[PDB]
Structures are given as C-alpha cells and as structure tokens.
Amino acid sequence: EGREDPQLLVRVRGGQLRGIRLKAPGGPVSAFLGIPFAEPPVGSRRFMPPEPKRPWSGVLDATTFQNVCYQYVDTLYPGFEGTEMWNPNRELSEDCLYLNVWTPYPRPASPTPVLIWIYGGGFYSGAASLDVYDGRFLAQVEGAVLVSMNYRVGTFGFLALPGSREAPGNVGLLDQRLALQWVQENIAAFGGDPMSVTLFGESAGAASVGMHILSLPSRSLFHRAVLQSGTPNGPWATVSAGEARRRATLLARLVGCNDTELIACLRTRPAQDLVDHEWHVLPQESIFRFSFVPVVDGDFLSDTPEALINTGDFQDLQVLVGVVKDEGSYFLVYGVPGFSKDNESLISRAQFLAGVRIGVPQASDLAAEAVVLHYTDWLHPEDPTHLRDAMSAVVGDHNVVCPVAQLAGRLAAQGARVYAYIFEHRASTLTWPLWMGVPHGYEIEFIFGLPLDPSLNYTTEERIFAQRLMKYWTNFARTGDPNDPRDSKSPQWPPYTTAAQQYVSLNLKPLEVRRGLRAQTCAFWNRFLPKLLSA
Amino acid sequence: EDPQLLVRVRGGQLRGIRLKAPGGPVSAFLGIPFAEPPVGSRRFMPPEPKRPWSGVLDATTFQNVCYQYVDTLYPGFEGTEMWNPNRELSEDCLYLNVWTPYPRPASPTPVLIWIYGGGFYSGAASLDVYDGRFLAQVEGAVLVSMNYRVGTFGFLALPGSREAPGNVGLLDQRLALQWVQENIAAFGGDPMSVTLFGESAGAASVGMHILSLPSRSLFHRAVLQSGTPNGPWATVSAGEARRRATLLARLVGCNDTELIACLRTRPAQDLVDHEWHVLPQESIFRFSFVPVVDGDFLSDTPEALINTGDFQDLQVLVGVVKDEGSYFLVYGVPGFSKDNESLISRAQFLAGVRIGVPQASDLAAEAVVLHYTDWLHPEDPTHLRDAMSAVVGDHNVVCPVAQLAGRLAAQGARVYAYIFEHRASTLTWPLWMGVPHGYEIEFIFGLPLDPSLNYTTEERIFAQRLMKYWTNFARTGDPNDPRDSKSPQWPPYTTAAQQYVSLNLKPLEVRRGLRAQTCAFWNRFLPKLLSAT
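So the protein sequences, as listed, match chains A and B. Under the entry's author numbering, residues 1 to 257, 265 to 542 are what the first sequence spells out, in order. Under the entry's author numbering, residues 4 to 257, 265 to 543 are what the second sequence spells out, in order.
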C-alpha cells in the first residue's frame, strides 16, 4: 500500500482486495468488483459443484467486472438496444464465478442490511455486471450493501445426468449458494450485517430465490426474499430427472459422444460447441422454455417445487412478490409467427391457434382447445389486435402471472408474510414497440434506481418514482415491511392474504390497493388445466 | 242468437261467447275439437281429424286438460298452482281455442298460435296466463291455442313400432296447425300470416315445427320464449326413448305390439304414477317423455338440422328471462327452498352441479364448478346460490337459445333476440329467484291490463309495449313499430354484432353478446370434454 485510498482496502477470507470509488449522482460509493468466490470451474471441474476459492497472496484488484459465464448471445436484433442491454458486457469464459459488492462511501458505521441480487436470463444467460444491475444507486441513496454474483448458466450450470457424480445437476444453484455462504463469512468486512440478508431476483433469478427457500441447506443463509416475475413452481423453471437426463444425452450426441465416459467426452468439447447446440434439445417448438434448468434431483430439490410449496411450513418467511403488466409480450417475437418488434404484430385466428401450441408446448389437443376458448373474445373472435394481446396474455399468464399468484396463495395460506405488487409504469426510455406494454424485465432499471442518473434521459417523475421503489425494496430488506416506519401520509401496502387477496399497483401514481391476482383466469391455469392434462 | 258468435267451420257450426276485455268485448270459441278423441286404442297413436258434427256445437267453455302429472310441491301456493290443470283431466283433450275481436275482423287478420310449455309432461291451453282476450281486443289479433298430449300420452315411443311411433303430441300440434289453415278464415284470420309462439317446451315445439318439413307449410313466423329444440332436455334418441318406454311398461306390469297393447289397458294415472321413475340419473330440468329423434318427424338431431339447414325464409323472435334456472332448484337440489334464502355451502354447490348437469363426468362437473366459482369469494353462499341458478339456466336455456340464435342467423334467417328482465310486482316466489322461468308470459298476453290483477301502472304500460312487439312481429317479421321512430330500435341479432335488447320498464337498450364467453364453454368446449373424457 502507501499512496492508495485507505478506505478502498479490505480483507476477506481469501486475501486482500482493493476496491474502487465510483460516483453516484449524489455522492461516491465503494465498489469491490470481481471478487472470486470459487475455484474456476474449468477443465475436469466443468459440470462439477463449485469448490471454495483458495486464498491468494498479495492484493487482488477488485476494480473491474470479471468474465461473464459462458452463454448463448442474442442475435435476433443485432445492435438494437432492447436486446443488447441484456447481452454479456465482459469476456465470455468458464472462469466466471466472481461476485461484486457495493457499499456506501466510506463504508457504513453500524452493520448495514445486505441485498443479494440473483440475475435472470432463463438459466441460459445473464451476468451480474450489466448496467441495469448497477448497485451504486441503492448503495448511495439507501446506504445498502448490495452483492451480486455470477452463477453458471446453460449446460455448464445445469446439464445433469441425475444420480451421477460428474454431473449431479443444479451446480449453478450451488454457485449461488456458495456466494451466499461467502456473504455470511465475509460481508462484515464491508459493513454488511450477515444477520439481515435479503435475496432478490427476477425471472430465473426470482425462481432461484424460490429454490433457496425450498432447499434446506440454503435457508440458513438468508432471512427475507423478493421474487420478481419468477417462481420455482411453474412450467419452465425445473425439469424431472428423466427429462434432464434425456436432454443431456441428446446434446452429447449432437456434439458427438455409463455416465462417466459421456461426461468425460463433453468435458473435451469447446464451450462454444455446447452453447451452439443448447437449444436443439428442447422437446417441442416452444417459447419460454429453456434447455438446461434446475433439475428435481431429490437433493437440492427434495421434491417438486409444487409439492414443497403445497406442504412446507413458511411462518418464518417474509416475501415480496409481483409481476409486470405484460409479462408475455416480450417472448412472442422469439418464435410465434406473426410477431415482430418492427410491425404491430396483428395476427390471425390461425396464427393464434398455432401460437397457443408453441406457448403451451405441453398441451394436448384438448387442453390447447380450452386455452383457446378461455382466451378468445367471443364478440370479436377475429380482431387481430385482440388476438395479439391474447397471445401475449396466454404466455404471460401461463409462465409468470399464475405461477406467482399460485405461490403467493400457498405461502399466505401457510404462514408467510406476503406482499404483492403489479408493476404498471412503462419507461419513457424503452425501445420496444408500444404494443408490448410493460415487458418482462423492465421494472429492474427502476428498482436499481437507474433513473437517478441524469445522463440517462429519464423523466423527473420517473426519478421520484424510482426512489419510491428503492425505499419500498430496502424497507422490506430492513424490516420485512415495505411501508415506511414514519411516512403515514402516503397510503399503506397491506400483506396479501387468502381472505382479502390484496396487492398494490406500482406506477407514477400513489399506491393503489386492488384485490385478486388474476383470480378467475389463474383458476383455469392452476386448478383446471392440471386435472385436464391427466387425460 | 248473436250472429257474430256463430261460425261455420268445415265440420259443422260453432257457437262462441262474447266476453269482456277491459276496453271492449271479444268473441271467444273455446273447446273446438280438432281431433277424434285419442282414447282407448288410439292411446299413443297419431291423431286423426275430427269427424263432422250435426247441429250447433257449443264452443263457450274450456274443454278438458290432457291427462298429466299434477304438481304437489307447494299445495295451495299460487306460483305452483297457476300452472296446474285448470279443468278436469281426460285423455280426451285434443281441443283448441280461438279469440278474435268483436265484431269479427272485417279484413283478414294475422294469426298467433300459442303452444304452451310444461316440460312436455304438463300444461294446458286454458290457464289464465294464456288468456287470449287481451291480445284480441287490444291488438285486434286472432289468437289460437290448442291442447296437445303431454307425458306418456304424447311422447311415449317404441321407435319403429306402429302403435307408438313417438312424437304424437307434436302431431297434435301439427293437426291444429292444419285446422287453422282450413278454418281460421271463417273467423276472420289470415291463413297466409300465421305466427307460432310458445315458451319452455312450447318454444322447443315451435322449434321442432321449424325443423320438420310437413309443418313448414303451416306457419310463416316463429317465436321461441325460453326454450329450444336443441339442448339437453328437449329431445331423446330413439335408443333412450325405447328404454324408458319398456321400463315404464315393466313398472306397470307389461314384441312391440304386445307391449303397447298391455299399456293401452292401464288407467291413465297408473302411467303417470311411474312417469318420473324412468329417468336415468337423478336430475333437474329433465323429463321422461319428450320428443324423440325418430328420423321421421325429426330427420336428425335438432343440432344436426340447425347446423346444416337453409333458413333464408325464416323469421324468428327468441329470448330468455333473467333467471332461467332459479325456479328449478327447489325441485331437487338440497339447500334450495321457496321459503328461506337458499344460501348454500360449497359442497352443496358441487353436489348440485351433478344434479343440474346429470350427464357430466367428474372432469366435466369440475370444469363447471371451476368456471362458475367466483374465486374472489369462492365460499360466499349468496354467490354459490346464484351460481347454482345460473348453471341450470345457462346449461338448459340460455346457451341453447344462444346456440340457436347464432346458427339461424348464420344461415339466412332474420333473428330478433331479447332478454326479459322485469320481475312482476304480483310475483309470489322469493326474491332470490329473480325473474324465474315462465314469468314473462303474463306480460306478453297482457294480463296487467286487467285492473283486478293489481299490477302497477308501469307494468300495464310495459305489457302494452310487449303486446305491440309480439303482434308487430306477427304482422311484419319485425318487432319495431312502423309508426314509432326514435333511436332505440330493435336490431336483428347477427353473427358479427350479436345485438339483443332488454325488456324491462326502461326503454329498449341494445347490448351485444348472448352471454358469449360462458356459452362458448357450454356449446364449444364442454361437448369436446364429454366427447373425449
């Protein structure tokens, strides 16, 4: 040391780190970027569970984001901001198990509650280093300690030959948990309070939070949870062991290969070869379906999430859960014919029927019919504008709105304190067409407080609005309650109950309380459809 | 000897009677035979035309009511009794009634023919709610009602047999329709402008005359109130008809000819006594002896013939009341009573659904419960009670009426649809039943215009509007007043716009969609569920 900033140097269990002093709009923050938390899961460690990071010598530099985990890159609208913002923004590498810490500057005085972010990306993509996951605003304005980790995605994180020892599955959830432990042991060196750790994530990230709630070894690593537009239950977040085994075998032939010999072969293929063939193993033409996701292994997941949700005891749990207005519109342009970001995607009755089989790829001819009958507007059963929005509503409801409604309903009936929201404000800065509404993933820039960056051309109310949600999210982190301890003038946010089924709307207007989580339509998806599909 | 009360039809001379309607007198010819009494060996057999008579036949009293089951549920209760037989029961009941203005119409006059309801097991053309004097005095119509054989006498069938070929109650109606052709001119009626209108089983009957070729030369326009030929209760297969016939024969002591013969030897009440015992399941809004799909009167199912027929020539006026299913619940489903408020448990609602949809599988019944549950209050007993009424109303009338309206429109026909939403101040059933099955009739026939009935002034004004709608539709195929301008016009129900109007004390209001979402379940999805459970 010597001439360095004395407040940027910190020790953790593996060595010394030098952070970096970043500017937030209202003051500096401390950032420790690219801390390793595991041995690089490369070579013979590919598909294996992560081992803890061996201690290093000297001062590790912790001032830039590390590699993002090896993953598919989106190429359907090259150069379009609406897709590039989610694409990797550092080098792709299998050496990628690193995490980031933002704290106030100088680091806080008392022990400060910790926020751990788990990104989404359908378990095949994502990075903790994207701009929309920037922690400097939450750390500066709310004084939070924010931690986000990289976990392995796609084949590297979730290809499983269940019951084998060289590919047990769920290693990407283990990656997440190892970062959670790392927070338990080390977050105190930054001012964070390991006794107040709140997980929050979106899409596959929310599902991940969900699975840490349902996996006993993870439950001693956090206290509160937030699930944004994602659930461990539902049709896309998990696969049986048999189905997981099926895809791993198929992918091994697609690249040219007793489980040991086969995994040994896969470990010789270039990472890009596996990415290149990852989507070819899906059983049907589908949207919102991902090849390699958490497997129900009888280990991390002792049973299916629906089983565990339906029976577990959750009185110690406090969760915030919610959805955006138009969860499914985003996914239509990635597979349903008739949809594009560039025209207005008015479709025909025929195209709606074809789309229902792609959006519900597991539906029998009869079940597919039920969906078509329930979602048709029988006064205008061929208005192409309404069949487009109905296609959007089918996919959104089936994959998010009703898996979340279902989860909120079970946890509430089983002891948990649930707070539920719908996010309805559509960012002025947004580059997707208007017909897509408020698409999947577009609350995140507001929770993280990006509109407080004046260089981002948001609007003033969008600024004020983002502070409102940062306050909601951090108050829930501190206390289990998003309501402000003081602020009694602004309206209150009731817990969600079986009785009153209350939830709030989040938009530029004050909190408005509503009832019913798409109650009628989710009864179709969560009660009738299962019984129909055993036939 | 008042010559306006003397008429010469082809079988002889009638004498009528002059009665007082509130604003003038009407000629009434009650009790005219149109068929040879179907008694003895003519039990179960097609009717034959009445033989000529000598002298001047007295047509001044209602004849007998066709032998039929008489309801016991609430003895002495008007809401029940008002549908019970008005006259002595008799298998000799094939008579019809004619009301005309007094004096007899100068020029030819459109004829309305009423076909009563009663589930094909009951009813009579002589109940007060079918009084033709108001329509004849106020709108100057000629109005004809006939009795037809109900229950085992009208509809017991051994398909293919000669001495019980089925549907003879409909042939009774058909015969009275030929009678009107050959004779109404003698009364001042126009045989070239005959409108059929009926309700419940009567509307179904009207519907079946639309679908049967011989009847199609006997009338020009049709009105179907709260009933349809299609649907779960109006017909039975030749298979299921034969089963109920030979089973009832067994419960009374009885080769087709040998079996029918032994049935023709039993007292009428021996047959009525076992009439309800032949239903396959425990049910509600199901009836043991109803028209049969015989490949003769009904060449195919009502559904097949509406799905594929040409109806460019047809003009129909179809409708429902607000609460079609509520009447029925007290006749079978535990928890429901005229007397309390029938707030029910959830489990009562699930049990009721098996009685309201007696042909439903476990999966289809769960589909019904899940679709009718209000999941914001899935246990609130007021909801489940109104839900139970609506499952029964939608399954048995509303969605069948909507199904009929849609196919007739799709295939050439001009269709007017209504929903009747006014509840009579005189009504004697509880409030929770709303506007129950049957309680628009008193208004269509103009009973509020009789002061002694203690209807309110707006109800009398209402009644006049509906009498205008129905008669106007009879003169022109169009219920709108050709002198009344004004924007609330009754639009034709079409496949695209799906417009219908509401009949209540407020002016005509146009709405769209005949309960289209939930009827999509009953008409499009539920068949697919059962046809592949």
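By construction, the Cβ of each residue, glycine as well, lies at the ideal position given by its N, Cα and C atoms.
Simplified DSSP assignment, three categories, for residue i
| i | result |
| --- | --- |
| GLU389 of chain B | coil |
| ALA252 of chain A | helix |
| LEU227 of chain A | strand |
| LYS538 of chain B | helix |
| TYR337 of chain A | helix |
| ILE451 of chain B | helix |
| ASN100 of chain A | strand |
| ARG296 of chain A | coil |
| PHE222 of chain B | coil |
| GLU313 of chain B | helix |
| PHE123 of chain A | coil |
| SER196 of chain A | strand |
| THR63 of chain A | strand |
| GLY345 of chain B | coil |
| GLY15 of chain B | strand |
| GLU519 of chain B | strand |
| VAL73 of chain B | coil |
| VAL153 of chain A | coil |
Run of the beta strand (DSSP E) containing residue i, from where it starts to where it stops
| i | result |
| --- | --- |
| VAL29 of chain A | 27-36 |
| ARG475 of chain B | Unbroken run through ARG475 of chain B is the alpha helix (DSSP H), 467-486; no beta strand (DSSP E). |
| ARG21 of chain A | 20-24 |
| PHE430 of chain B | 424-430 |
| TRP117 of chain A | 112-118 |
| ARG136 of chain A | Counting along the chain, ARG136 of chain A falls outside any beta strand (DSSP E), though it belongs to the alpha helix (DSSP H) covering 136-141. |
| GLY329 of chain A | 325-331 |
C-beta neighbour in chain B for residue i, strict 9 Å
| i | result |
| --- | --- |
| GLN527 of chain A | yes |
| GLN369 of chain A | no |
| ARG522 of chain A | yes |
| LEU539 of chain A | yes |
| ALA419 of chain A | no |
| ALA530 of chain A | yes |
| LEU373 of chain A | yes |
| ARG356 of chain A | no |
| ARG274 of chain A | no |
Bounding residues of the alpha helix (DSSP H) (the contiguous stretch that carries residue i)
| i | result |
| --- | --- |
| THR238 of chain A | Looking at the DSSP string, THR238 of chain A is not in any alpha helix (DSSP H), and its letter there is neither H nor E. |
| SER208 of chain A | 204-214 |
| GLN176 of chain B | 171-186 |
| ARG364 of chain A | 356-366 |
| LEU414 of chain B | 409-420 |
Within-9 Å CB hit, residue i to chain A
| i | result |
| --- | --- |
| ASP384 of chain B | yes |
| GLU376 of chain B | yes |
| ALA542 of chain B | yes |
| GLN508 of chain B | yes |
| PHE359 of chain B | no |
| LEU394 of chain B | no |
| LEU414 of chain B | no |
| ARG364 of chain B | no |
| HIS381 of chain B | yes |
| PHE137 of chain B | no |
Residue i vs residue j beta-carbon contact at 9 Å
| i | j | result |
| --- | --- | --- |
| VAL302 of chain B | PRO162 of chain B | yes |
| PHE321 of chain B | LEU418 of chain B | yes |
| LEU159 of chain B | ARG247 of chain B | yes |
| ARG522 of chain A | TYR510 of chain A | yes |
| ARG11 of chain B | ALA189 of chain B | yes |
| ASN150 of chain B | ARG13 of chain B | no |
| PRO232 of chain B | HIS405 of chain B | no |
| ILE454 of chain A | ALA484 of chain A | no |
| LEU22 of chain B | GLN16 of chain B | no |
Residue i: CB within 8 Å of a non-hydrogen atom of the ligand MG
| i | result |
| --- | --- |
| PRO235 of chain B | This structure lacks the ligand MG; in fact it carries no ligand of any kind. |
- Could you say if the stretch 208-228 of chain A and the stretch 389-405 of chain A meet the contact criterion of at least three C-beta pairs nearer than 8 Å? no
- Task: Flag this pair as touching only if the stretch 119-137 of chain A and the stretch 41-54 of chain A have three or more C-beta atom pairs under 8 Å; answer yes or no.
- Result: no
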